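Participant: First piece of the complex, coordinates kept as in the full assembly:
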Amino acid sequence: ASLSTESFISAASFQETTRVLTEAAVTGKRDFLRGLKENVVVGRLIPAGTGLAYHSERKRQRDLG
Amino acid sequence: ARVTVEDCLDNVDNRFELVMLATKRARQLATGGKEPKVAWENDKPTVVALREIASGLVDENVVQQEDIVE
Amino acid sequence: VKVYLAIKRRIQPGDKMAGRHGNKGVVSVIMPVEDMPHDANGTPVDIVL
Amino acid sequence: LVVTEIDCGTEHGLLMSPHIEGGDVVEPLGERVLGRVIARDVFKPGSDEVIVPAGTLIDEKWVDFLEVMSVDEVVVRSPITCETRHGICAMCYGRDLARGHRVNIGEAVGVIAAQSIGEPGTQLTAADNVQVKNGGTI
Amino acid sequence: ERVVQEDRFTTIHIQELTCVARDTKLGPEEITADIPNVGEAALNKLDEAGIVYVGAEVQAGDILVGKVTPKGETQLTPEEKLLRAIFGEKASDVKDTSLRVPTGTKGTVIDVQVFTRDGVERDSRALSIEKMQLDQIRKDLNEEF
Amino acid sequence: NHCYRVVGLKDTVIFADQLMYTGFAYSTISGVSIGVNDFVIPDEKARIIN
Amino acid sequence: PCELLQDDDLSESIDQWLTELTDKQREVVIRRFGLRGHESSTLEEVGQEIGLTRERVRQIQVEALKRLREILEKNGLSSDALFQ
Amino acid sequence: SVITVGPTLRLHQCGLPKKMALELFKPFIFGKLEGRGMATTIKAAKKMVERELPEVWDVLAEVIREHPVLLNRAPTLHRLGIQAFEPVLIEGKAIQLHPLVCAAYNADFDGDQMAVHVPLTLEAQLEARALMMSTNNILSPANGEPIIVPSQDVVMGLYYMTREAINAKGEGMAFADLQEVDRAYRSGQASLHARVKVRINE
Amino acid sequence: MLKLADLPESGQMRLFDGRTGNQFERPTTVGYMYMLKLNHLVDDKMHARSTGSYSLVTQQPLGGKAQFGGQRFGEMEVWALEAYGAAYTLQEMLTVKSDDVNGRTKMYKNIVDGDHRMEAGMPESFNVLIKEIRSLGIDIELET
Amino acid sequence: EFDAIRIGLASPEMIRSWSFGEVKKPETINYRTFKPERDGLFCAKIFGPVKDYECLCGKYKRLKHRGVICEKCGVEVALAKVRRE
Amino acid sequence: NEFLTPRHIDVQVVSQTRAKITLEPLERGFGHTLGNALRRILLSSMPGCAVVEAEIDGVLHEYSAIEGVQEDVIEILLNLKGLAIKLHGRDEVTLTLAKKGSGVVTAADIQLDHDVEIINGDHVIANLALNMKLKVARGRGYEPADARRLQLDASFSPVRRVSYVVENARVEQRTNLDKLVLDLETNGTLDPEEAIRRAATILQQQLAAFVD
């Protein structure tokens, strides 16, 4: 069940690197930074805890008004 | 006359909006923009913001109103 | 050119002391002589296990 | 699996019954339904009477209240039968935390549940005729 | 308090510190006495050759062996050049890379052992080491006879 | 667990500190010590082994 | 980060101390040493356009140097302990 | 550094050596000396903390009063392994830890080392006092049983205090309130456990 | 042997308190026990640091300055901070306190000024991964 | 800020947009002097200068001009962080 | 022979009967010596006045109650120990009390002489829906009923709960110094602040004869 991660930065941690990057290249899937393990490698705020108010305002002011 | 960090958490029952409310309030006291309602007891700006949450003197409306005024 | 220093490291709170039966221990404080328990003769103990 | 919704709005949960194996009970109903919301309206073992009209959470006061009546089968909302999408509702989750109140909106309940299982892992490693112990009906 | 005043568990540790003299194309490194950007208190315990005396009590951050390294093309900034003319500090083109004791390590030097190569000049500090070794090997052999 | 549920958290932390203060002060008054006479060997133990 | 802040704080204080020291003596030290972004020049090149002499630009340099020497002593820089 | 048990500390505060607090809070001292007026520039303030003057200790304790520092052991198997404490300036080379909090860290005093962490942003100081404080995580996240329980040394003194005896000194008397029991015991005329009768205002 | 040296038979004698001065109401086992001193003193284990030198490729603190050594913040401590409601604490120990160039220098000025601005910055552990991926013939970009 | 990190193919027409010069010589540093050479694996024209606000030949070294190209050596003066981008 | 002499910066007075003092500057081993020496004098042997003998009509046994009173006979002797009686005229007198009315029996109805003075007059004794003969004397130490029909415990000490906590104090000169924190609780016959000055005077008088 851990191999069904839509993200590639969170799937390249435990799985093979050349196996996830090759599939993500030929597919061209634009992956977002939603979740908890994605923002750790990137370096952004974590939505869990006090960081939920930050991601809520970021998604509200994005093509929504 | 002591720190009350447990009584203020039961009012909001979230422990997350209290940190966001105390962050925006502590920056107004460290930069010298506003004056605190509770008197100073030789405390720092982070612990004095939690004293106003338990007393009910400040809320999410007073912090938003203290930024437009000057 | 090499030199040789001589440092006398006295015992201080934080060192590890143990016996021959396998009882490790980190010393906490150095209590004065007046606070150590003494018997009817007046011999204060040193180590309180 | 971070909590993102306060309540779904559905009533889907599994039944909770105490351990009646062996001669005596192992875990009573007061410990398995401690800090969990009720899915449906629990009925009195009598003819027709309701105890929880809305099915709210069960605190330490309602635990001893169930000991007065002879109720034994109650249904609770568990996170395994939720209805939200990409998350877990706050109402479907219990209240067993470091605090005494309910869960918050934004608390990562998926990490605190995996550490609670892997922490005590270092401490781990005829019947021909049956009889009864407590007298009662069949 | 009786276990500390009687000096029971007070052990003695011997820590050594070695200094090398690297050879570079910009200039050979030698043990000298003069050190750039120091004072009299730093050279009070040092000798005229650059070696700390035997038995000198040193603190955390003192100069033990005087080692200087020559360099070129410093390209100093105009802000640092303005301070070199106010206090009267000469522009030393040799960087100071002497050996110093780490923080928290203080003691007393018991002895200093030097090593020289073939075809290299020696200082006056090495003459006192070979003299004490020659006097000891001569006074003891004359007493055992 | 019962004091924190019926009183609160502010009076529980102070109660947990005063319970530790009265636990260490009364432990030094009673000089409990283990010796060779505390390991009471039963006199009927040799009867079962024999 | 500590070494990068000392060079920035000292640069903002050197240019600030020159503007508050004097008026006529401030333009002489800035002409000899380009601390305000100017280019460095020799004594004969700087004296040909200001002062019209080679010894008049040096007499004010020693007078302003002794004044800045007393400022750093009373401010707390402790130059006698840094250079030793 | 090596940990050390301290029975004279509160549940929300811990111990910290004086030599460690000068290196961890080094950027905080440079900001207090410039705002007070003793240090003019940042270069002169560096020579004041390395000279060990008598005025640097009075300004150091100003930033340690309200500054929750983090503590953690090497193996972290649960959320209670990282808790925030209030550091207290102590003399020595060891971290003075609370005896009751040792049950959560699952660490004994035999040479164990616990790392420290100092949050810089005030946003991190608020979420460390309201969430990571040792007074907030008094209950274990596994079950409803509290994790701050009297250990073997504390329960030994409380078990001998509450004990029943057949015959004892001062048995059969009565007392007016709890103030009379403490006075009669410390006077040497009453035993620690004797069958008496008292009236309390509960 | 205790009878010959004029000592109690059970080896447990009651001792007087040093501070209060009263007598303990229980016999205490006393005697002489051989003790040792191990080579695990606090002079070789206690160290602390705030700033120091960094490496070339990965902007991480290390030794060499003869001052102290930074400790490793492994993944086990990352899951512990995520168990709480900590968002700015874990984001600080990954971007500002390590793996940065402009974030560390700008944060040090905020501590001396007196106000903690908490600039965002960018971690250096991810900027190197971008240059290593783009050099392998596989494209990566930021859609924002 | 940024969001939605994507992954695609490196088009031959896009690789030329990322690069700033063509590497043709395998040698990197001279034997006598410790300075890089043009069209090398460590060249200053393609990647960037070695020191802060200084060209290779040393003609332009002032701190005034933020971005300028020297006439002697085709290198743009910048900081030391540009060599990593 | 220089020592650190303490100076009372403030006296925390939370109530009229409960006080709390603090002594910041002290020596190393003096933070616990002065606390234990002052605690043994106030608690064990402090001059005061209390009830030594209590006799009523129908004193059969300790468990044998008396009719007509809604309260038990055990609670009657427990209410007399908390009574604050202070006399200075005679060394030992005998009081009496005759209450014929019902409703309530208070301590203010006790007939007092020119020397007998009662501090608390609002303290209730027993509820009536009786005649006793009590006797008071001057005692020094807390003596129980076993030492030396009618018999009851006596508490001549004005203070009730005496304790002290020794904690370290941050000094700019010394890095390891502890302070003394004393707190008292009396029944209102004496000032809690003045009671400390009386205990220190008794300990000083027992040593001034061998000092110069």
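Facilitator: The structure has been received and is ready for your questions. Numbering: from 1, shown residues only, chains lettered A, B, ... in the order given.
Participant: List of residues touching the top strand by length along chain I?
Facilitator: The longest strand of chain I (DSSP state E) is strand I:138-142. Strand I:138-142 is contacted from outside by A:21, A:25, I:130, I:133-134, J:2-11, J:14, using C-beta atoms under 8 Å, 6 or more residues apart in numbering or on different chains. The C-beta positions use only the backbone N, C-alpha and C, and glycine is treated the same way.
Participant: next one: it to chain centre, how far?
Facilitator: Centroid separation for strand I:138-142 versus its chain: 37 Å, with C-alpha atoms, centre = their mean, to the nearest Å.
Participant: repeat for stretch C:16-29
Facilitator: When distances are taken as C-alpha atoms, centre = their mean, stretch C:16-29 is centred 9 Å away from the chain's centroid.
Participant: May I see the buried residues of that stretch?
Facilitator: For stretch C:16-29, a neighbour-count test (16 or more other C-beta atoms under 10 Å in any protein chain shown) marks C:16, C:17, C:18, C:25, C:26, C:27, C:28 as buried.
Participant: just stretch D:29-43 next, same as before
Facilitator: The neighbour-count criterion (16+ other C-beta under 10 Å) identifies D:29, D:33, D:34, D:35, D:36, D:37, D:38, D:39, D:42 as the buried residues of stretch D:29-43.
Participant: So that stretch, near chain H or not?
Facilitator: Yes: residues of stretch D:29-43 contacting chain H under C-beta under 8 Å from any C-beta of the partner chain: D:34, D:35.
Participant: again with stretch K:40-58
Facilitator: Yes: applying C-beta under 8 Å from any C-beta, one finds that stretch K:40-58 is in contact with chain H at K:43, K:44.
Participant: how far does the longest strand belonging to chain H sit from the chain's center?
Facilitator: Taking DSSP E as the criterion, chain H has its longest strand at strand H:82-90. Strand H:82-90 sits 7 Å away from the centroid of its parent chain (C-alpha atoms, centre = their mean).
Participant: Torsion angles phi and psi at residue K:90?
Facilitator: Main-chain dihedrals, residue K:90, degrees, to the nearest 10: phi -110, psi 160.
Participant: those strands in chain I, which residues are they?
Facilitator: Going by DSSP E, chain I shows strands at I:12-13, I:28-29, I:36-37, I:138-142.
Participant: Next, the buried residues of the longest one.
Facilitator: Within strand I:138-142, the residues that qualify as buried are I:138, I:139, I:140, counting by 16+ other C-beta under 10 Å.
Participant: who does it pair up with?
Facilitator: Strand I:138-142 has the following sheet partners, assigned by DSSP bridges: strand J:5-9 (antiparallel).
Participant: Pull out the buried residues from the partner strand.
Facilitator: Residues J:5, J:6, J:7, J:8 are the ones in strand J:5-9 that count as buried (16+ other C-beta under 10 Å).
Participant: So for chain A, the centremost residue is which one?
Facilitator: Central residue of chain A (C-alpha atoms, centre = their mean): residue A:33, 3.1 Å from the mean position.
Participant: Chain D too?
Facilitator: In chain D, the C-alpha nearest the mean C-alpha coordinate belongs to residue D:33, at 3.3 Å (C-alpha atoms, centre = their mean).
Participant: Chain L should go on the structure too:
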Amino acid sequence: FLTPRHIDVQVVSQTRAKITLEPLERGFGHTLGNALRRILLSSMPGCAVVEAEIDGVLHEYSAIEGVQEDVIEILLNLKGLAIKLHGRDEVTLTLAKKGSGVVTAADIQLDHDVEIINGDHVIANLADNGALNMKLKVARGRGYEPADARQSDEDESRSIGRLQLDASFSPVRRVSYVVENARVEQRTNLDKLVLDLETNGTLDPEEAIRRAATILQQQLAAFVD
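Facilitator: Once chain L is put in with the chains from before, the structure reads:
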């Protein structure tokens, strides 16, 4: 109500000496006994060798020629000396002996104000091929003080010549008190104190109680003022 007057000093030996002050009141006997015990061990005037300078050795680690015992063992024997200073606070003593003879505490040159109690205390063993010569310096202190705390009297030039010691002077070693019974034919609650004092010989046991009385009275005077 009762005050101790004309105490008795029962001197049974030069080191161990017992004193019986007076039959005091009940309750104050055990209180004053434990109070006086902590005073005699906390702060008492004493004298010991602070530093020793030898003109034949550089540091204390290297041994010398002619002496059997090591230099470190020599400095550890100077702590056991008992030197009494009557008038002078700080005095400098000398020591020099040549030949095959052991050196003791009596080998130090006599002075009009310096009196050494012990004379049988050995220092080091000598021989015919070597000799020793050093200068001793004692001072008057109150309590224990290490060599790293009393950093004074230095000019950054006496590092290789002067050697410092660990000042651990303590004139009192063992104190024991019991509660006896006495008769005065005035009251029934009478008890006296029997202090079992163990002094090394630096101070008289009679002056030990007087010096322990003025310090306790100075601490209790803060409550009056």
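Participant: Same as before for the contacts of strand I:138-142, with chain L this time.
Facilitator: Here strand I:138-142 makes contact (C-beta under 8 Å, 6+ apart) with A:21, A:25, I:130, I:133-134, J:2-11, J:14.
Participant: Kindly report the same for stretch H:41-60.
Facilitator: Where contact means C-beta under 8 Å, 6+ apart, the residues beyond stretch H:41-60 that reach it are G:2, G:5-6, G:9-10, G:13, G:75-78, G:81-82, H:18, H:21-22, H:25-26, H:29-30, H:32-34, H:36, H:38-39, H:89, I:112, K:172.
Participant: same thing with stretch K:166-180?
Facilitator: H:8, H:18, H:54, H:57-58, H:61, H:89, H:91, K:4, K:6, K:22-28, K:31-32, K:34-35, K:164, K:181.
Participant: First-to-last residue distance for it?
Facilitator: Across stretch K:166-180, the terminal residues are separated by 5 Å (C-alpha to C-alpha, to the nearest Å).
Participant: any idea how chain K splits into domains?
Facilitator: For chain K, curated CATH domains gives the domain ranges K:1-47+K:157-212, K:48-156.
Participant: Just put those domains in TSV and tack on distance to residue E:65 and mean neighbour count.
Facilitator: Below are those laid out as TSV (distance: least, C-beta to C-beta, whole Å; neighbours: other C-beta atoms under 10 Å in any protein chain shown):
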stretch	distance to residue E:65	mean neighbour count
domain K:1-47+K:157-212	35	17
domain K:48-156	75	15
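Participant: Switch the ones you listed over to CSV; also include distance to residue F:15.
Facilitator: Output for the domains of chain K, formatted as CSV (distance: least, C-beta to C-beta, whole Å):
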stretch, distance to residue F:15
domain K:1-47+K:157-212, 17
domain K:48-156, 27
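Participant: Okay, strands next: where are they in chain K?
Facilitator: Under the criterion DSSP E, strands of chain K are mapped to K:11-13, K:18-23, K:45-56, K:85-87, K:92-98, K:105-106, K:116-118, K:124-126, K:131-141, K:163-169, K:177-185.
Participant: And the shortest one, what does it pack against?
Facilitator: Packing contacts for strand K:105-106, counted by 3 or more C-beta pairs under 8 Å, 6 or more residues apart in numbering or on different chains; DSSP states H and E, involve strand K:124-126.
Participant: What strands line up against the strand it packs on, and which way round?
Facilitator: Applying DSSP bridges, strand K:124-126 is found paired with strand K:105-106 (antiparallel).
Participant: Which residues does the strand it pairs with contact?
Facilitator: K:99, K:121, K:122, K:123, K:124, K:125, K:126, K:127, K:128, K:130.
Participant: and stretch G:57-69, which residues are buried?
Facilitator: Judged by neighbour count using 16+ other C-beta under 10 Å, the buried positions of stretch G:57-69 are G:57, G:60, G:61, G:64, G:65, G:68.
Participant: Which two among these are spaced furthest apart?
Facilitator: G:57 and G:68 (16.6 Å; C-beta to C-beta).
Participant: OK, contacts around the most far-flung residue of chain H relative to its centre?
Facilitator: Most distant residue from the mean C-alpha position of chain H: residue H:172, 41.2 Å away (C-alpha atoms, centre = their mean). Residue H:172 sits next to H:195, H:196 when contact means C-beta under 8 Å, 6+ apart.
Participant: Need phi/psi at residue C:18.
Facilitator: phi -150, psi 170.
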